[PDB]
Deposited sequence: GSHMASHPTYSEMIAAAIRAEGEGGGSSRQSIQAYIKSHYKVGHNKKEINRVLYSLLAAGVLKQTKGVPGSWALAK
């Protein structure tokens, strides 16, 4: 479905960008593209950051 729901499913299943990226490919693109979506949701209040590497979780 939409990238936000696929990322939400990855977190439900603190998850990193690499974890989220691997969940989407193995269940359903490049590091830059996924990062843009992750930071767009962070700007909108859907996600929260917890570093190096970037760990993501649902707000």
(message) If I number the deposited sequence starting at 1, which residue ranges have no C-alpha coordinates at all?
(response) 1-7, 21-25, 41-43, 66, 76
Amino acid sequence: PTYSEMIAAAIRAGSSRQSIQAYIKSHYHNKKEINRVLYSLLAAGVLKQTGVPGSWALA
From here on, numbers count along this sequence of modelled residues.
(request) Averaging only over Cα atoms, indicate whether 18-26 or 41-49 has the higher B-factor in the PDB entry. (result) 18-26
